[PDB]
Amino acid sequence: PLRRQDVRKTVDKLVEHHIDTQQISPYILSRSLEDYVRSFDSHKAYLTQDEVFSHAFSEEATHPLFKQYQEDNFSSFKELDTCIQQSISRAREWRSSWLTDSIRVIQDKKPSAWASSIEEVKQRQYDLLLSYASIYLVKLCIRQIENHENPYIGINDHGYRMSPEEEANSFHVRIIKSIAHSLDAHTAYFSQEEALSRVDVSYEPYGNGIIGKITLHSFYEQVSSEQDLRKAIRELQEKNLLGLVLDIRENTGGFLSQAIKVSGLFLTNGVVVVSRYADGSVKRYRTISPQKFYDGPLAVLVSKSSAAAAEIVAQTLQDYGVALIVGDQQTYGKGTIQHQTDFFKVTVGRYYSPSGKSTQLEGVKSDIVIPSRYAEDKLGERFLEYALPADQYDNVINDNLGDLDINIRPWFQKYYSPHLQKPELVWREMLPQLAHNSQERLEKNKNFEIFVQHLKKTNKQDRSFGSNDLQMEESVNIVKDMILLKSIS
Amino acid sequence: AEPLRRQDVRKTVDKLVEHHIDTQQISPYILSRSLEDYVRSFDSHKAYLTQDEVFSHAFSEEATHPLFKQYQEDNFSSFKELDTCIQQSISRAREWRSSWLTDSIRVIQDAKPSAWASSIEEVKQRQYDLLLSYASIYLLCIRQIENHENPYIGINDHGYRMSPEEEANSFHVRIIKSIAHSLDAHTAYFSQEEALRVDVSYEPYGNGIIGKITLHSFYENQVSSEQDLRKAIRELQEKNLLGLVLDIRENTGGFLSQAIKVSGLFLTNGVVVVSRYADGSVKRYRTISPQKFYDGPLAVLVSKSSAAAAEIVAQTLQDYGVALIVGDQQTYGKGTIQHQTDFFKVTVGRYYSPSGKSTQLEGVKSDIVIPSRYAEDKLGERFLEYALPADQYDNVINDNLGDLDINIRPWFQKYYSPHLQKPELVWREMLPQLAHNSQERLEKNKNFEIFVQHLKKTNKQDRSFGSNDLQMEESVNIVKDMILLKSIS
């Protein structure tokens with residue numbers, strides 16, 4: 001199936017629900033041609049810049065796509081899939097001669113620019129197998145770089161060449177997946193064929209009480225992220241809980257449903273997160289009794305790998321000023337919404353915190369910087385190939401209850417609005433004092449001084465920074481300061 | 001220069017025992033030890049003699065019974081007998097070495113007992129195991145290990161055989177030094193041939209800082225340990241000095257005059273240290289204006305190596321309860337005074353803390369235990385030969401003025417007694433809360449638990465405990481609790 005005409009109808013099912021773009025344009029197409037050459041190959045060893053350019057970026061290559069797309073032609077694309085074969089044919093053969101001298105092969109870089117000279121295309125295709133070769137630490141190997149090279153032939157799962165009609169899928173599947181990507185970073189296309197269908201807890205003694213350390217790896221869902229934290233915090237309160245550090249440095253996300261649930265543990269009433277979509281808006285409220293489960297100093301420890309769901313919690317607990325966000329200066333920065341539907345996984349709406357500030361290309365900003373593992377690594381959505389720009393929404397901290405029906409809306413006014421959570425000042429007030437001490441503590445810490453060098457690869461001299469969690473130890477020290485500072489106010 | 005006759009040794013000793021603390025008369029008991037110390041001074045590893053050769057020449061009544069009376073007659077037979085036997089084994093062990101030299105390549109092989117060997121062969125192995133020891137550290141010896149024994153056989157530094165007097169000279173010296181050692185641990189003779197600051201750092205804590213100060217010694221120019229401390233503290237008081245750690249882990253003593261002045265920076269008025277010589281007693285007052293130089297929480301970090309003036313400061317500050325002693329379970333235990341006068345050092349008296357407790361041999365006890373690098377090692381006064389026993393003296397915290405002449409007390413009744421330093425209770429009450437938190441914090445720390453293993457050499461895998469002072473980091477944490485525990489009161 002999947003004849004040439006299937007693609008134009010396939011995408012119009014998608015674009016109508018897409019978040020920012022709802023109509024194809026040559027701007028989308030020029031990159032639709034690029035993602036074709038970036039899904040294959042991600043190592044840039046098959047082609048020459050000149051060869052890439054003339055077939056991927058020449059005006060003869062870039063601007064006839066329209067109207068060709070509407071026209072279903074795909075010649076500029078078909079020559080590219082013809083041009084790759086020539087590069088493909090060259091690769092295999094080069095390797096055939098090395099099979100002969102295999103013993104020599106055994107002996108033991110993404111410029112975003114392909115090699116200018118063909119003999120340099122040689123050397124890297126030559127230095128390509130070295131990746132999979134040196135991981136151990138050939139026949140078994142050579143297939144691992146060919147199985148993903150073969151869909152441009154029409155190959156079966158196991159190796160047999162299939163009919164042109166089932167060879168027609170791959171050229172047309174990889175023209176649509178190369179389209180879904182160009183719209184934005186978080187949308188790929190899924191074929192039916194591809195559509196086959198907890199919490200660490202520790203504490204440290206301090207004064208006549210303790211400081212809680214809780215690591216949450218993801219928002220999952222009587223056992224959930226909300227439930228286990230409740231179990232932990234309550235168990236800690238047996239000991240005199242004086243402060244709390246919340247670790248989401250490795251939280252790669254989870255249920256939005258749980259992000260609201262966790263956030264409500266440190267809030268009384270009010271909006272937690274807002275998301276518009278293509279049309280409308282929904283302010284996902286949080287309603288709880290006057291009691292907050294944990295009412296005290298709270299430090300949220302994050303990293304560049306902290307995710308959307310984690311960022312939503314961090315950004316929201318920051319706007320209400322019940323939590324100081326410590327860790328890397330900026331979180332991952334994922335603030336978009338993706339949904340299913342075969343098969344599309346498309347970005348449809350933007351996330352917003354109660355203050356209307358978004359986490360889309362900038363993340364949750366840290367009030368106190370504590371560099372994590374990924375500090376010197378370029379990690380974040382901003383570096384994904386097609387990431388959407390940042391926006392902001394109206395501030396909703398004081399809720400007008402303005403997005404409801406007038407049957408329920410009065411009910412809020414009487415019982416939800418008067419006990420609305422007021423953003424706090426006490427913790428963000430002592431912030432310039434806390435940031436000063438942290439900076440001084442880190443500079444005077446030898447282990448942390450080493451850890452910084454170690455990230456910058458300037459640790460020519462070999463030093464060890466111990467076996468303690470350095471990012472956590474500082475966060476504990478920040479909470480120790482918060483407690484004492486409050487105790488003298 | 002001058003050699004020494006038989007009659008000289010006794011004359012020199014009489015000069016040595018004139019103002020000794022516990023012994024002013026040479027008894028046979030003291031002489032028996034001097035003969036025992038003679039072999040041990042020569043043979044440290046017990047690798048030259050047999051049990052009997054040892055036992056018969058020193059330990060036997062033929063060896064040790066006639067000692068006292070012979071000594072009065074200025075005769076030293078048993079020493080000459082022993083020295084002769086020493087000379088035999090030396091010559092005996094050297095003709096063994098000569099053969100070991102021929103086959104030297106084999107010697108390069110690197111594949112303290114309670115009692116001497118009960119057979120020549122058992123010695124012959126230890127003598128061989130000695131070469132093992134010297135070669136094993138590598139990672140020649142035949143001459144290096146001769147230097148110790150050469151002056152026993154009449155061989156000088158350069159190796160030329162000395163005159164009968166020059167041999168009798170060195171022989172008499174070795175006797176005297178052995179009689180000296182046998183009086184007590186710190187009395188020593190020196191033959192006429194022999195012989196011829198403050199680290200400051202701070203850690204930020206809340207709206208102020210905690211000061212770390214390392215005092216390597218009590219030195220007394222324009223600079224002393226006291227003045228450097230005053231300057232250190234005053235510079236620290238520019239920032240808000242909330243707490244203070246005083247480090248003396250590697251302090252081995254120094255001037256008593258500085259110990260009095262250092263300890264008086266944290267005390268208002270009263271006795272700091274009491275001295276008792278063979279006759280009479282002295283009270284070292286500290287009269288400062290009621291203004292303490294430093295008024296606040298104070299942790300004093302100590303170790304097994306800390307002595308002896310360092311102990312005086314540590315225990316005096318402990319008795320008034322202005323300082324908590326943290327560190328090793330016990331200090332060195334040096335609680336005696338050495339006078340220096342062809343010169344010798346005589347232990348002439350004992351020191352006492354104001355409460356009347358001696359630092360010997362029990363040392364100063366830490367209120368909170370933070371094991372140092374000597375934690376597994378056996379280090380203290382009690383492990384030295386002929387160490388003197390522990391004593392006790394009257395308490396003086398309520399100062400009699402009884403040691404002053406009766407016509408000078410009027411001043412001290414008028415301006416000194418009404419303002420005595422009263423022992424403080426504020427900090428010693430925190431002790432159980434502090435000791436509990438300190439114990440838990442260490443056990444929950446990975447680096448410190450690795451460090452403890454590293455001491456017992458249980459760190460089979462090479463795990464690093466980091467490049468930070470673990471004992472200081474904890475000492476700061478103890479002060480951090482002390483500040484909070486006071487802020488709530």
# chains A, B, ... in the order shown; residues from 1 in each chain; ligands from 1
>>> interface_residues(of="chain B", to="chain A", cutoff="8 Å", atoms="only C-alpha atoms", output="ChimeraX atom specification")
/B:203-207,433-434,437-438,440-441,444-447,463-468,480-482,484-485,487-488
>>> write_last_selection(atoms="N, CA, C and O atoms", output="tab-separated table (two decimals), in the first residue's frame")
chain	number	residue	atom	x	y	z
B	203	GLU	N	33.79	29.39	57.19
B	203	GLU	CA	32.68	28.88	56.40
B	203	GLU	C	31.43	29.69	56.72
B	203	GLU	O	31.09	29.89	57.89
B	204	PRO	N	30.75	30.19	55.67
B	204	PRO	CA	29.53	30.99	55.85
B	204	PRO	C	28.40	30.15	56.42
B	204	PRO	O	28.21	29.01	55.99
B	205	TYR	N	27.67	30.70	57.39
B	205	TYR	CA	26.56	30.00	58.03
B	205	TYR	C	25.47	31.00	58.40
B	205	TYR	O	25.59	31.71	59.40
B	206	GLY	N	24.41	31.05	57.59
B	206	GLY	CA	23.33	31.99	57.82
B	206	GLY	C	23.71	33.43	57.50
B	206	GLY	O	24.15	33.72	56.39
B	207	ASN	N	23.53	34.32	58.47
B	207	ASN	CA	23.89	35.72	58.31
B	207	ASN	C	25.29	36.00	58.85
B	207	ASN	O	25.70	37.16	58.94
B	433	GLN	N	22.43	15.68	72.57
B	433	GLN	CA	21.87	16.02	71.27
B	433	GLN	C	22.96	16.12	70.20
B	433	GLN	O	22.75	15.77	69.04
B	434	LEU	N	24.14	16.59	70.61
B	434	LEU	CA	25.27	16.76	69.70
B	434	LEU	C	25.94	15.42	69.37
B	434	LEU	O	26.18	15.11	68.21
B	437	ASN	N	23.64	13.30	67.04
B	437	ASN	CA	23.68	13.78	65.66
B	437	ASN	C	25.02	13.52	65.00
B	437	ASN	O	25.08	13.15	63.82
B	438	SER	N	26.11	13.72	65.74
B	438	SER	CA	27.46	13.49	65.22
B	438	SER	C	27.69	12.03	64.86
B	438	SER	O	28.32	11.73	63.84
B	440	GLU	N	25.29	9.70	64.11
B	440	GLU	CA	24.45	9.38	62.96
B	440	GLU	C	24.98	9.98	61.66
B	440	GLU	O	24.93	9.33	60.61
B	441	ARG	N	25.48	11.21	61.73
B	441	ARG	CA	25.98	11.92	60.56
B	441	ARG	C	27.21	11.24	59.96
B	441	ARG	O	27.36	11.18	58.73
B	444	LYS	N	26.14	7.89	58.28
B	444	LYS	CA	25.42	8.14	57.04
B	444	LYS	C	26.29	8.80	55.98
B	444	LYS	O	25.84	9.01	54.85
B	445	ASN	N	27.52	9.13	56.33
B	445	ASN	CA	28.48	9.67	55.37
B	445	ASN	C	29.28	8.55	54.73
B	445	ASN	O	29.77	7.66	55.43
B	446	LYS	N	29.41	8.58	53.40
B	446	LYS	CA	30.12	7.54	52.67
B	446	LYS	C	31.63	7.70	52.76
B	446	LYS	O	32.35	6.75	53.09
B	447	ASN	N	32.11	8.91	52.46
B	447	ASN	CA	33.54	9.21	52.53
B	447	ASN	C	34.18	8.87	53.88
B	447	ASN	O	35.27	8.30	53.93
B	463	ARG	N	38.67	2.86	46.91
B	463	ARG	CA	37.69	3.93	47.02
B	463	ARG	C	38.34	5.13	47.68
B	463	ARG	O	39.04	5.00	48.69
B	464	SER	N	38.11	6.31	47.11
B	464	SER	CA	38.66	7.54	47.65
B	464	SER	C	37.66	8.24	48.56
B	464	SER	O	36.48	8.36	48.23
B	465	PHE	N	38.15	8.69	49.72
B	465	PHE	CA	37.31	9.45	50.64
B	465	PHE	C	37.35	10.95	50.34
B	465	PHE	O	36.86	11.77	51.13
B	466	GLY	N	37.95	11.30	49.21
B	466	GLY	CA	37.96	12.69	48.76
B	466	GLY	C	39.17	13.49	49.21
B	466	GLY	O	40.08	12.97	49.85
B	467	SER	N	39.16	14.77	48.85
B	467	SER	CA	40.24	15.68	49.21
B	467	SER	C	39.77	16.77	50.17
B	467	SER	O	40.18	17.93	50.05
B	468	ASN	N	38.92	16.40	51.12
B	468	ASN	CA	38.45	17.34	52.15
B	468	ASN	C	38.78	16.86	53.55
B	468	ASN	O	38.85	15.65	53.80
B	480	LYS	N	27.47	24.13	63.96
B	480	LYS	CA	26.22	24.49	63.29
B	480	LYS	C	25.00	24.07	64.12
B	480	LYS	O	23.99	24.79	64.16
B	481	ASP	N	25.09	22.92	64.78
B	481	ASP	CA	24.04	22.47	65.68
B	481	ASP	C	24.02	23.33	66.94
B	481	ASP	O	22.95	23.76	67.39
B	482	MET	N	25.20	23.58	67.50
B	482	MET	CA	25.36	24.39	68.71
B	482	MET	C	24.73	25.77	68.59
B	482	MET	O	24.15	26.28	69.56
B	484	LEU	N	22.21	26.58	66.42
B	484	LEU	CA	20.77	26.38	66.30
B	484	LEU	C	20.15	25.99	67.65
B	484	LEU	O	19.08	26.48	68.00
B	485	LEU	N	20.83	25.11	68.38
B	485	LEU	CA	20.36	24.65	69.69
B	485	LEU	C	20.31	25.79	70.72
B	485	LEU	O	19.62	25.68	71.74
B	487	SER	N	19.74	29.11	69.54
B	487	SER	CA	18.77	30.03	68.95
B	487	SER	C	17.33	29.68	69.34
B	487	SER	O	16.46	30.55	69.38
B	488	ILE	N	17.09	28.40	69.63
B	488	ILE	CA	15.76	27.94	70.02
B	488	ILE	C	15.53	28.12	71.53
B	488	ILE	O	14.39	28.13	71.99
>>> select_by_dssp(residues="segment 72-303 of chain A", states="strand (DSSP E)", output="number ranges by chain")
A: 199-206, 209-216, 241-247, 269-275, 282-287, 298-302
>>> closest_residue(among="A:199, A:308, A:288, A:233", to="residue 256 of chain A", atoms="only C-alpha atoms")
A:308
>>> residues_around(residues="residue 215 of chain A", least_positions_apart="5", cutoff="8 Å", atoms="only C-alpha atoms", output="number ranges by chain")
A: 199-201, 246-248
>>> closest_residue(among="B:315, B:12, B:163, B:225", to="residue 74 of chain B", atoms="only C-alpha atoms")
B:12
>>> select_by_dssp(residues="segment 67-272 of chain A", states="alpha helix (DSSP H)", output="ChimeraX atom specification")
/A:67-71,75-100,102-106,118-126,129-133,139-142,164-183,225-236,256-263
